[PDB]
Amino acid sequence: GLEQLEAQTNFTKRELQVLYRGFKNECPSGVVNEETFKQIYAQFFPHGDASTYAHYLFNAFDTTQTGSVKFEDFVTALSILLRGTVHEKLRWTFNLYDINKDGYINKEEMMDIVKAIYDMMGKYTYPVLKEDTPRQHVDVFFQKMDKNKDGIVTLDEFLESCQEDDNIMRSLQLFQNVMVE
């Protein structure tokens, strides 16, 4: 299904082969489980514990929710993360934070993800994420993004906030980018 795969992503046929080669190179069995994913991701952050964030990142890749990320799942997410539009990329990130796939983000979900990011960055969570604690960042995040103040952040509130603030966007995307470097 390389032809079906090429039609659905931003990659050519020969780029897909270069991607497959690298995929098997790192995943001999042809599929990636959580641990393998956590191992690979861990390296992007040696000064912290990125396993919990890598956990959320894994599920977002595992769209079929099979606990096993196939090559197409991998390319499908890369197609977006690597060469998707800001709109497409932000939607991917919103979906990552929307853990229960409510269609919305609550403070509890925000906390989980953000607590994962702080642990990942360790004590070197530079201005990327100011504020001493995750709880303090989450409250400042929601205040700015939850425009109608109903304690919920919808996709639209999320996009508008990001569109009107280069800072909010980075604190969200930064971690998705490290992978498409």
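In case it trips you up, residue 1 is the first one in the sequence shown, and so on.
Novice: On average, which has the higher Cα B-factor in the deposited entry, 142-150 or 54-62?
Specialist: Per the deposited B-factors, the answer is 142-150.
Novice: Do the CA atoms of 120-128 or those of 35-43 have the higher mean B-factor in the entry?
Specialist: The recorded data point to 120-128.
Novice: Considering every modelled residue of the chain and its Cα B-factor in the PDB entry, is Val69 in the lowest, middle or highest third?
Specialist: For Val69, the deposited C-alpha B-factor lands in the middle third.
Novice: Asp49's Cα B-factor: lowest, middle or highest third of the chain?
Specialist: Answer is middle: the recorded C-alpha B-factor places it there.
Novice: Hey, what third does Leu159 fall into on Cα B-factor, ranked over its chain?
Specialist: CA B-factor rank for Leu159: lowest third.
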